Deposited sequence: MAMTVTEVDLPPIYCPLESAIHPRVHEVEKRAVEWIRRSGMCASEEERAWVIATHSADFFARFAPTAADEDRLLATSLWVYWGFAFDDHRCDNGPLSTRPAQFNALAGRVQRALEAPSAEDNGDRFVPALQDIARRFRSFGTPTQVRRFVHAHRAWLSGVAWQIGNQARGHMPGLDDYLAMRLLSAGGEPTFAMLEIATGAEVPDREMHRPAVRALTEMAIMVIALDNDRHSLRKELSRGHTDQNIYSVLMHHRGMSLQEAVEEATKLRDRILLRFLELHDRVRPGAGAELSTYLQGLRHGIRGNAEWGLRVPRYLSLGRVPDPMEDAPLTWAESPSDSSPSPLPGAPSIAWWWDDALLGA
């Protein structure tokens, strides 16, 4: 099992990653996010500065890379530590309160450990980004919390989503959206509304997010009714773990090929800011996989395990990624 990852994309890391990691650890200790020192050590152990420094490896301002890096840490923390992990009614309200604290500086925590921390991140994002960029992050942020709400709903009932619902869900629950909405904030490069919201750019962003979500599901086979591509396929298709491992890799490789074919057609015409955003998507895909396999020599697959130029069978909710009349 576990054949090497197909990832023919640029790998790079911010030359100031060590300095930014140092500050992030310091922020985390004063963040009051986590109860014990033992937990904070888990949050530090995510090496989320190493991670987000692979997405924005030429960020001119160490401060913007630090601010965005902080959210990746806050992100892990929020998701791991729960009592709410099969209590969707309570989570719906937590989600609402936390999302509100992101949009309303005046909002008060109510002994919620996470809120003041998020509110510090938000204060940073307003210092750096335009109100437009902040809203892009806020909206992405709620998108993610809708994903998590969906996933927690499923856990409560013991619902194993099928392929369509599972892929739809993970675009959101895996944190891809708020992660990519921080590119602009890290780099400074304000992508205009006309370009950022082209269907073709939306598709590329989702495809980037979906490959990262599937790389993460693969990364979580290093441990049975947990919600992941493997369980989904074993349930709905009657496959063995090994057969589903091969199917997962076929699907994921097909999405990545589409991402590269659409990138190859969009990028030539892209303006400077969109081009920088699109390099982030690529640096992100590769950075995720690389960060997941941790300077030991790493093996990659030279070819994909499936190169069908058409949409995924059984996943109509993503078929539009392949429809060029609806895009560019």
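Mapping the modelled residues onto the deposited sequence reveals missing stretches at 1-8, 90-93, 236-240, 312-326, 361.
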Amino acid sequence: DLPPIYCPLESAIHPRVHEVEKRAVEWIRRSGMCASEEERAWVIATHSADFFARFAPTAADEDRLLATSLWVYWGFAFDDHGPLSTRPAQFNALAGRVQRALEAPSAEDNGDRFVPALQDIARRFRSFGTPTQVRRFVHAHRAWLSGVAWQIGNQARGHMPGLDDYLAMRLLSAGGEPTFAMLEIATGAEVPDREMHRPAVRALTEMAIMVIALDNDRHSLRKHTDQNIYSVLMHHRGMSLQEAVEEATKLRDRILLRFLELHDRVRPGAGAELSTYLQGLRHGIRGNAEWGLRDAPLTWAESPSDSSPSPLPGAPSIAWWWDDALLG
From here on, numbers count along this sequence of modelled residues.
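Here the stretch with the larger average CA B-factor, out of 100-108 and 135-143, is 100-108. Here the stretch with the larger average CA B-factor, out of 318-326 and 1-9, is 1-9.
Comparing the C-alpha B-factors of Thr205, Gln242, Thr179, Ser173 in the entry, the top value falls on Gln242. Out of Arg222, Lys250, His197, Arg258, it is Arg222 whose C-alpha atom has the highest B-factor in the PDB entry.
Sort the modelled residues of the chain by CA B factor and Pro309 lands in the highest third. Ranked against the other modelled residues of its chain, the C-alpha B-factor of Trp150 as given in the entry falls in the lowest third. Ranked within its chain, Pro83 lands in the highest third, by CA B factor from the PDB record. Among all modelled residues in its chain, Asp215 ranks in the middle third by Cα B-factor. Sort the modelled residues of the chain by CA B factor and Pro161 lands in the lowest third.
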